[PDB]
Amino acid sequence: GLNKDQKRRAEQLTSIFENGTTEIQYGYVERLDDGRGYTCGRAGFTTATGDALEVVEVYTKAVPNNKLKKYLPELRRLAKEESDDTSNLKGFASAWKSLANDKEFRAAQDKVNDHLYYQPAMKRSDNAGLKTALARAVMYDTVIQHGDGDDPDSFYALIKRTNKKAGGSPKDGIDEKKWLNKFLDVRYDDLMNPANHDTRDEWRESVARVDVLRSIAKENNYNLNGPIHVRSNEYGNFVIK
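Residues numbered from 1 in each chain as written, not as in the entry; some residues may be left out. Heavy atoms only, no water.

Structure determination for the deposited model, as stated in its record, used X-ray crystallography, and the stated resolution is 1.2580 Å.

See the structure below:
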């Protein structure tokens, strides 16, 4: 996977793309009008998909009868219905934010992020024969935004479309740097014109992350060494140690 420094750098890149800061935002909650209900915490866990539900389940197992327990029935129904409804979540956004610096709540987010996003990203990277830290970091960011579902905008859909355009994966012998450039092209196209119309506005405004990642490739920094300087018209300027 990613070593300690590389994984941190990958996460600070994602943090810029999600929240405009290298400091991971565990307390973030916002309705983006992308069909996903509330988008929450470090991974943008959403109430329509079930992943915010998973955070609250994990937190509730660790800390019974916490301030978010009462939201489980509605979070469960929203996941079942794949629903954008936030009208039955009064107080949820404030309660989530109030736990931004809580050790157990952050740990629950880290656990769900590891299980739903980091480990699947590293597994699919292994399946594709990816060897570079930068390519693995791109996969990690991709699954966080696109999800690991079966839909045409999903992480694995992008991998398969890239493999077809490139004539194979790096495991098949395709040059990994060329493959990753094609992957970034495929992801850009998906963000500009996703199959899911609900997410068009938000994803079109996120395409700059593709160029930030490509700029790392163009510096030939495939090991994701630091410091990294991000210079983005959309996001601003950042240093990542």
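There's plenty left to go through after this.
## Observations concerning the overall build of the chain
A tally of helices and strands in the chain yields 10 helices and 5 strands. Here the chain has a C-alpha radius of gyration of 18 Å; the compact-globule value for 241 residues is 18 Å, and the two agree. Put simply, of all contacts in the chain between residues at least 6 apart along the chain, 61% involve residues at least 24 apart. Accessible area of the chain: about 11,800 Å², with a carbon and sulfur share of 43%. In the chain, which carries 39 positive and 38 negative side-chain charges, the distance between the mean positions of the two groups comes to 4 Å. (Helix = DSSP H or I, 4+ residues; strand = E, 2+ residues; numbered from the N terminus. Rg over C-alpha atoms; globule rule 2.2 N^0.38 Å. Contact = heavy atoms within 4.5 Å. Areas by Shrake-Rupley, 256 points an atom, 1.4 Å probe, with all protein chains shown as cover. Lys, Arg positive; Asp, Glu negative; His and termini not counted. Charge placed at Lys NZ, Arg CZ, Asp CG, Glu CD.)

## Quick word on the pattern of salt bridges
Applying the stated rule across the entire model yields 14 salt bridges. Its salt-bridge partner being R209, residue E18 comes within 2.9 Å of it at the nearest N-O pair. Remark: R209 occurs in helix α10 (residues 208-218) and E18 occurs in helix α1 (residues 4-19); sequence separation between them is 191 residues. With a closest N to O distance of 2.9 Å, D34 and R36 form a salt bridge. Given a relative accessible area of 4%, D34 falls into the buried group. The structure contains a network of salt bridges with shared partners spanning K7, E11, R42 and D110. (Salt bridge = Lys/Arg side-chain N within 4 Å of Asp/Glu carboxyl O. Buried < 20%, exposed > 50% of the residue type's maximum accessible area, 1.4 Å probe, protein only.)

## Re the sheet that holds strand β2 (residues 38-40)
Across the sheet, which stays open at both edges, the 3 strands sit in the order β1-β2-β3 with antiparallel pairing between neighbours. Since the sheet does not close on itself, it has two edges, and those belong to β1 (29-31) and β3 (45-46), each with one partner. (Pairing = 2+ DSSP bridges.)

## Examining unusual backbone geometry
Note the cis peptide between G226 and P227, where omega equals 0°. Along the chain, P227 turns up in the loop between α10 and β4 (228-232).

## Considerations on the layout of surface pockets
A volume near 1,100 Å³ is recorded for the largest pocket. Looking at the lining of the largest pocket, the elements with two or more residues in it are α1, α2 (51-62), α5 (103-127), α6 (133-146) and α9 (200-204). By residue number, the principal contributor to the lining of the largest pocket is α6, which donates 4 residues. Per-class residue counts for the lining of the largest pocket are 15 nonpolar, 13 polar and 16 charged. Split by domain, the residues of the lining of the largest pocket number at least three in each of domain 1 (1-22 + 117-241) and domain 2 (23-116). Approximately 210 Å³ is the volume found for the second largest pocket. What lines the second largest pocket is a set of 13 residues, and nearest its centre among them are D211, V212, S215, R231 and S232. Of all the secondary-structure elements, those providing two or more residues to the lining of the second largest pocket are α10 and β4. In terms of residue class, the lining of the second largest pocket is made up of 5 nonpolar, 4 polar and 4 charged. (1 Å grid on protein atoms, 1.4 Å probe; cavity = no way out; pocket = protein on both sides within 12 Å on 5 of 7 lines; lining within 4 Å. Points joined across faces, edges and corners; volume = space filled by probe spheres on them. Nonpolar A, V, L, I, M, F, W, Y, C, P; charged D, E, K, R; others polar. Domains from an automatic or database assignment.)

## What to know about the nonpolar core
By size, the foremost hydrophobic cluster in this structure holds 70 residues, and its most contacted members are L68, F92, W96, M139 and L180. When residues in this core are grouped by element, the largest group, 9 residues, is from α6. Each of domain 1 (1-22 + 117-241) and domain 2 (23-116) contributes no fewer than three residues to this core. Excluding residues that lie within four positions of it along the chain, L180 makes contacts with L134, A135, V138, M139 and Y222. (Core = buried A, V, L, I, M, F, W, Y, C linked by side-chain atoms within 4.5 Å.)

## Some details on the packing of aromatic side chains
All told, the structure shown has 9 aromatic pairs when counted by the stated rule. Here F17 and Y235 contribute two aromatic rings whose centre-to-centre distance is 5.4 Å and whose plane-to-plane angle is 45°, an arrangement assigned as tilted. Remark: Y235 occurs in the loop between β4 and β5 (236-240) and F17 occurs in helix α1; sequence separation between them is 218 residues. Assessed through its relative accessible area of 7%, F17 is described here as buried. Feature note: the residues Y38, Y59, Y71, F92, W96 and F105 constitute an aromatic cluster, connected by ring pairs. (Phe/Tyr/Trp six-rings, centres within 6.5 Å; stacked < 30°, edge-to-face > 60°.)

## Description of the domain arrangement of the chain
We note that the domain assignment places domain 1 (1-22 + 117-241) and domain 2 (23-116) within the chain. Contact residues are listed per partner, giving 18 residues for domain 1 and 19 residues for domain 2. Here domain 1 packs against domain 2, burying approximately 1,500 Å² in sum over the two surfaces, 41% of which is carbon and sulfur. There are 1 salt bridge connecting domain 1 and domain 2. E11 is the salt-bridge partner of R42, the closest N and O atoms lying 3.0 Å from each other. When contributions to the side of domain 1 that touches domain 2 are tallied by element, the ones reaching two or more residues are α1, α5, α6 and α9. In terms of residue class, the side of domain 1 that touches domain 2 is made up of 7 nonpolar, 7 polar and 4 charged. (Buried area = accessible area lost by both parts, 1.4 Å probe.)

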